Amino acid sequence: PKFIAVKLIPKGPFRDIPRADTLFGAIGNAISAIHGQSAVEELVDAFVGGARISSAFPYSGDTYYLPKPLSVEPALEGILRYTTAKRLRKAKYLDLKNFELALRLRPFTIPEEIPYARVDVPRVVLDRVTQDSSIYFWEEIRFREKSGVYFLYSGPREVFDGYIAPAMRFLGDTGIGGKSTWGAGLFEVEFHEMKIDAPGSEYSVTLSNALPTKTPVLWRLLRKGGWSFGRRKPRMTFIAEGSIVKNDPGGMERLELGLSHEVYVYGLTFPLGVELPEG
Amino acid sequence: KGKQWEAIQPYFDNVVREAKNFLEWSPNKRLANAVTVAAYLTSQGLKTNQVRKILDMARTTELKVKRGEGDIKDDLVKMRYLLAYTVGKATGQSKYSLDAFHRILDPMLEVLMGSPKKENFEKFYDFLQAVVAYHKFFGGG
Amino acid sequence: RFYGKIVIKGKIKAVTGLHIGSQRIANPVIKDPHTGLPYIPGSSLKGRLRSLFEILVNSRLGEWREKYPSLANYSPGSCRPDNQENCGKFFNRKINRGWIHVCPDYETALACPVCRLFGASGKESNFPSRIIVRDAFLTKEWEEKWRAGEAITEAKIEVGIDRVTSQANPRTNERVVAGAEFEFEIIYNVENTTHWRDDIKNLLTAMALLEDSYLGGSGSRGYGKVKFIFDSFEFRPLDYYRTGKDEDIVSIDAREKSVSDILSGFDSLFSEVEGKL
Amino acid sequence: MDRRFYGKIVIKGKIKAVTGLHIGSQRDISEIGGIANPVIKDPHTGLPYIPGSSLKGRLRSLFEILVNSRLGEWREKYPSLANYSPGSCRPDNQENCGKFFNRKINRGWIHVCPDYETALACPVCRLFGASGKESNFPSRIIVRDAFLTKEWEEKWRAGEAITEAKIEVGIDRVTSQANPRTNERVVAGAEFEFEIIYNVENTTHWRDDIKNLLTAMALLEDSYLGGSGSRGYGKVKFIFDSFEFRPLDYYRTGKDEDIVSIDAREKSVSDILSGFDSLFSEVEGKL
Amino acid sequence: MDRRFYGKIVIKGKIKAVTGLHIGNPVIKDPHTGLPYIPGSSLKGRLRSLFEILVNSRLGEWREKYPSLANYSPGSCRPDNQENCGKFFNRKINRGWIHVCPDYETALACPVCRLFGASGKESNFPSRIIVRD
Amino acid sequence: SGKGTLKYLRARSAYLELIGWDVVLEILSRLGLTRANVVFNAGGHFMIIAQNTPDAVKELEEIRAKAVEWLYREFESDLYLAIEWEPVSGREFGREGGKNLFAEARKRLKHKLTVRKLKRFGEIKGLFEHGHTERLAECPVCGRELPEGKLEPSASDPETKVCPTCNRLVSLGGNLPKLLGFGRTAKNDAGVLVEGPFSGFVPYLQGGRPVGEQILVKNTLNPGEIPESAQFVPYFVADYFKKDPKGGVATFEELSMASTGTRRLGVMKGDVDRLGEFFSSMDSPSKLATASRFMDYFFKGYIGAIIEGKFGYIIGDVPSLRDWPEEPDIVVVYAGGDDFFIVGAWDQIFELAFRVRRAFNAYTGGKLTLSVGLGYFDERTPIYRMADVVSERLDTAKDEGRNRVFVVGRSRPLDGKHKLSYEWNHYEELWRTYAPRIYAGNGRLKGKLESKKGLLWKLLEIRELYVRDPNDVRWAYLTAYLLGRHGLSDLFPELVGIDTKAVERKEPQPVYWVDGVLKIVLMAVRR
Ligand SMILES: [Zn+2]
Ligand SMILES: [Zn+2]
Ligand SMILES: [Zn+2]
Ligand SMILES: [Zn+2]
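Residue numbers (PDB author numbering), protein chains in the order written: chain E, 2 to 81, 89 to 287; chain B, 45 to 185; chain C, 4 to 27, 35 to 287; chain D, 1 to 287; chain K, 1 to 24, 37 to 145; chain A, 251 to 777.
Shown next as structure tokens:
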């Protein structure tokens, strides 16, 4: 399990931490520009076979953060004081050192500070003749000086360098969603290698949106829907990152939406092994 | 009152010259002593209008430390003899008040000619304004 | 489709101090939520280049009926006195109360010289923007003067004075300290090689107006005078994004001013682009 | 309703502080030793400067009064002066009384027309600007902050002073009791470069709107510019560098075809002198 | 109420000293040119102080023509620490007594304070002469 | 979103209590139990003691599967009712030896809750199924996705096309003063506003006759106009609201116009800390039903009598900008038993939080504490952001000491030594020292401090030099000088000098604490 980490060093403030499906729709819309139409459907067949990506997760000066599994909650009492049993459960992200410990059900530590800060900036709308104001709020993720966001890739490198590494240079100059005409989703890219040790067992946490075919073991549910070319997507029941499946490959559902091409929604799981308690 | 002006001054004067360099201590000491500097200058009159030429001389090159020049030779020349000209023009009962204020700054000026220019004069100029500020708080201006 | 991305970089020189505000010193400028350095939004600079280019067209809604279509469907003026969207007049989009020019569909927005560049939503169409006005932050010379003890904001107290009795009614305004440097970045997208030319002529026209007008804030009391110093023109072709092999067309404009770049250097510096398109 | 654009008459020149100039703003910002009446100085250079609000306000307040006197006969020249009567709204707290000075800022009364349609015809607010609930006519002039001329930068480099400390005193008529104070004022004779841009929005009425700006300036040369003023501290004098028209064809192309008027060694009263039809005659060809 | 404007009577001329003058031990000078000069405040505050003393003796002859001279008896508030009372010099500046009428309509009616200007609490009537250096 | 100002939130918080009773009363009738078998029911959390038959466990699976499949269609997985049961013995109630059997029997039951909250919708089987239905859209108020045509026009404007379940909650939002309880009755009845997971609830108005087989009666224990055949189920609810000039519930934009000083909306959200550890102290069903009812009646009943302006002997003096009005402008949105969420006039919510905490500290015998997270937001602010920021200002004041109030959004150094939210006792002496010397009352300042409101901004500028550099002592003389020039050398003696006791304790200097005590005095004046 040596993962090609893709670091996204932000320029302007992101609209959100990109979900896994925000990325794959961004990547597919890149390859429809820098590779034409037929290479995107070829890209979709590559992720069906072996290739998997993950959701984006923050990083703070090489200290790579990762989602906390839901494997720790049913037996957090078997780990370890009541104040510690809540602040460890309330958390959302764990460090790369501490994500490996909770896969083996070891005692561990939460991070102290979160890198990003969801701030809300007020903007205004002005008519051109009378300069009369019309306020509306707006809110976006604002990252710190060193920090940023990354995500993972595991698969054949001839699919990486052929597809993703072009797309993450085209997506450095048009954003990953949000009001990317205000310089929101823009970044610069550097690639790395990253290693997470997984204990061999039949249960697995998913580092991306699961969208399962069979019912998982323990799952934090998530409802979101996208926007392809001005067309609303229906709300789908993805699972959030860090839920536990047993031998589930996930899936992608093509959607109609009245476009010239079919539109796929990435929900392929990203399994890393986990040790579950009794239930 | 004036009985505090006799004891606290003679407690502070041997501590004054023994730290003659302006880069004595950047910690809490130079602010703790600076209140005691204005504590025995409280009982004296210590009018500021004669010092306004000296402080504006400290003001006009405080911008010139800040990317103006890297030479404080021509300024600190002008600060040394005018501060001797302070008793050198104004004598009398204000002279006995201004002799005790002479003996603290004159050890520190002679540092500043050969000193750093970005450093060690900021450490003087911060001790400059600590003497003035508390002096307004004990009842003088 | 996609051809390449003309990336403009350079420097914004706020010659006279400028103010933006957050509405939360009574009118504080915007800063970062962490470091506290002030900046210029990308929206306060896209919309300001939009207002100034909107009015110029508003005067020329007659003379640009042969160069651009979809201005024959407009007459100059607002639509405030009758709350009627897409009427005969030009500013036909009421957002909350402000009436803004936004074209309603695609095939009229493709010909309208504002909505083609700056972008327009409308109903059923959503023609996206073509420029990307990235934010502007202080130059590393000024990021270091932030660390060198200098204050980067300063309060100006203006007053409001009774005409007869000459009473005083003050107020405070936190501005950015005059003389500062912001480094900007405007990333055009080459979608169509037919009207490749005019969007760089119609963007630099809006900067000729922004340099004479103000950039937000009080402005008419003096808080604008933003000035543009260009540093780099690029092209970033479609060959560049596929492989990453650095063969992008670069035009040198290191000492070029924004009126010395429109025609003084526009045939000159973008001569190398026209062979590649 | 119908805001257009035709160019920007740029008035370049040099303000010459004939008498000591005083503006004044805040003091004691992380600072202890001052004269406690400092003229506003920008922090990056630490030099004094004339602001834009201190010049646009004093050009305004000398042009409310001219209108307030000739309110009776200009209703035919300019509509929407029939909403007004000469006087203040001060004796009865109304934001719209019959008199001219109608809008309460905090406790003082400043003429601002309440609507776009009312301010479009008013001679004051069509130039200097206006406000209201939902209607809001914005200005046309951009008065920019004036800084010292290339010469007077170097007199700060060579070592010459730029601010002087004048001691004034107050005296009782009976006991001759001296009550002194100090002022920081600009040294008399310093010289600031101003620039006043006029956004030409309608070609119908710019001749009668440039003349109003040169009326408010020609009063300012006889009045004072900020500060104690009645005791000498103003006395400012405009030295015009160049008028420039900056047309609409300038902004698209970049050709140096902007119309330059001749204002080399002329007073502010000499532009408005018979010859305003001759100084801005070639502007009529461009309309 | 109702500030108006008809014109500005300009009084040019030349002050001559037949006998030697002093201001204030150097006579203060113009810094940029070096020359001495007679300021503005020493010529407007000198005419006011030779006119508040002249009005003080004559509060019977001007009171029929000027209102708000009946509100004062010819005197001084130097012994009695009272702000606005029968005595004619009403403002304690810090320690000095200068006659300033404390309202617009008092200073509109006053013969001194309609000309040499008048401060106030929320009135602040402004002057009608401006005396340059 | 920014629709339905406070007639709508106040309708939701009582709509949630209807669903809370529509399940509990369904368990009691289906199993043959009375209302004595409820141990407690407060704040979306109940506990019923029942029998262990094979017959009842067949029924409890039917109750649970019918509740959840209602809570999936009517709310798109935003709300979930996780019902778990566990068989106990008779000896399991009382303590045996020294071991608390009833706590570990409650840990067997609470863990089955914790697993079930993870498998959030397990008993659905159409949960992860995908079927693309033609042309859905979403609601502008609540953001639920419905098919087109079900979106009907609203009761405010016919322009917007809201949910059908919002127009029932705006109409209920007006019937809140005109109300004396609810009547639980069948689904296909006439006159029912809102439907629950098992039944329908008719409003029993001011002038009217009750209809249905069971009648919920708010805030009174006496069957006044109730028939003899009906069942009387009394529920309490914190229900204070300032009436408008009409006969109705106040607005956001009414409360802040009638506030003290400038206009702003004062949201507070606070909760009792370490309460789940407190209910494990009980060791019998006699003991837990009491402790969950005396704790229940504080935030239900006795919080009304605090806002009405009572109990000066118990409370004392609070940090208060002006003395308490006869009819205060406070809107109790929600108050559950462990939790509360109260909006109002933003300088009476400031007064109320120290008035709730003081009365809570004498209701309990000094043993349990509150953690109130105060926010101050404008009227033009959507509520989903106001609850988002205030709950984060809550968890700021929760993870630090659990006995501490957040007051104002305040800037801090990046060291970790400086924690934001004020301790309760530590703050109420900062009001006793700083406020009666710079503030007099009713939005005006002390003598000869007027025309010096620029000073208190400058004094909060010197606090902003302490934040860029905590190690600098530049703030010590600038404090002394600015009080000197203005002649105010007597004010702030704690700030003019450094504290050598505070340096060695590694606690903040007294210029750090002065930000929140100055701003409340400053914002109460028009500033
Ligand atoms: Zn358009
Ligand atoms: Zn007007
Ligand atoms: Zn008088
Ligand atoms: Zn709805």
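Ideal placement from N, C-alpha and C gives every residue a C-beta, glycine not left out.
| query | result |
| --- | --- |
| Can you pull the chain B neighbours of A:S739, defined as C-beta to C-beta under 7 Å? | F181 |
| Against D:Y116, what residues of chain E qualify as contacts under a CB-to-CB distance less than 7 Å, listed in chain order? | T138 |
| What number of angstroms, rounded off, separates the C-alpha of A:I556 from the C-alpha of B:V176? | 52 Å |
| Considering only heavy atoms of ligand 2, list every residue whose Cβ is less than 5 Å from one of them, following chain order. | D:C113, D:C122, D:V124, D:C125 |
| Once you ignore the five residues that flank A:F448 on each side, which residues in its own chain have a CB closer than 6 Å to its CB? | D272, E276 |
| For E:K8, is the classification buried or exposed, using 16 other Cβ atoms within 10 angstroms of its Cβ as the cut-off for buried? | buried |
| May I ask you to report which of helix, strand or coil DSSP gives C:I50? | strand |
| Can you determine whether any heavy atom of ligand 4 sits closer than 7 Å to the C-beta of A:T415, and answer yes or no? | yes |
| What three-state label does DSSP hand A:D589 in the structure shown? | strand |
| Quick one: does C:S61 have its CB under 8 Å from some CB of chain D? | no |
| Is the region 34 to 44 of chain D touching the region 198 to 212 of chain D in the sense that three or more CB pairs, one from each, lie closer than 8 Å? | no |
| Is there at least one Cβ from chain B nearer than 8 Å to A:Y731's Cβ? | yes |
| Between the region 228 to 262 of chain E and chain C, which residues of the former have a C-beta closer than 7 Å to a C-beta of the latter? | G238 |
| Spatial neighbours of C:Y233 within its chain, please: CB distance less than 7 Å, with the 5 preceding and 5 following residues excluded, ordered by chain position. | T19, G20, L21, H22, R185, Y224, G227 |
| Using a Cβ cut-off of 9 Å, pull out every chain E residue sitting near D:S135, in sequence order please. | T138, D140 |
| Give the range of the alpha helix (DSSP H) segment to which A:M773 is assigned. | 764 to 774 |
| Expressed to the nearest angstrom, what Euclidean distance is found between the alpha-carbon atoms of E:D256 and E:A52? | 15 Å |
| Output the residue ranges of the beta strand (DSSP E) runs that lie fully inside the region 184 to 208 of chain E and measure 3 residues or longer, sorted by chain position. | 195 to 203 |
| Measuring only the C-alpha atoms, how far is A:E700 from A:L772? | 12 Å |
| Tell me whether K:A119 counts as near ligand 3, meaning its Cβ is closer than 7 Å to at least one heavy atom of that ligand. | yes |
| From what residue to what residue does the beta strand (DSSP E) around A:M297 run? | 296 to 298 |
| Consult DSSP for A:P414 and reduce its assignment to one of helix, strand or coil. | helix |
| What residues of chain A sit near D:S25, judged by a beta carbon separation below 7 Å? | Residues of chain A passing the Cβ test: none, with the nearest at roughly 12 Å. |
| By DSSP's criteria, E:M244 is part of a beta bridge. Which residues make up the other side? | E:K232 |
| DSSP three-state label for C:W109, please. | strand |
| In three-state terms, what does DSSP make of C:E184? | strand |
| Does any residue of chain B have a CB that is nearer than 8 Å to the CB of D:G13? | no |
| Report back the beta-carbon spacing between E:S216 and E:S72 to the nearest angstrom; my notes put them in contact at under 8 Å. | Going by Cβ atoms, the distance from E:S216 to E:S72 rounds to 17 Å, so no, they are not a contact pair. |
| Would you identify the three-state DSSP class for B:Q173, choosing helix, strand or coil? | helix |
| Give me, in chain order, the residues of the same chain whose beta-carbon lies closer than 6 Å to that of C:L71; leave out the 5 immediate sequence neighbours on both sides. | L81, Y84, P86 |
| Under 8 Å between C-beta atoms, does A:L695 make it to chain D? | no |
| Within 10 angstroms of its Cβ, does D:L59 collect 16 or more other Cβ (buried), or is it exposed? | buried |
| Could you please give me the residues that DSSP links to A:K468 through a beta bridge? | A:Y485 |
| Measuring from the CB of K:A82, is there a heavy atom of ligand 3 at a distance below 7 Å? | no |
| Below 9 Å on C-beta distance, what does C:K166 contact in chain D? | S25, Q26, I40, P51, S53 |
| Answer yes or no: the CB of C:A130 versus the heavy atoms of ligand 1, is any distance below 7 Å? | yes |
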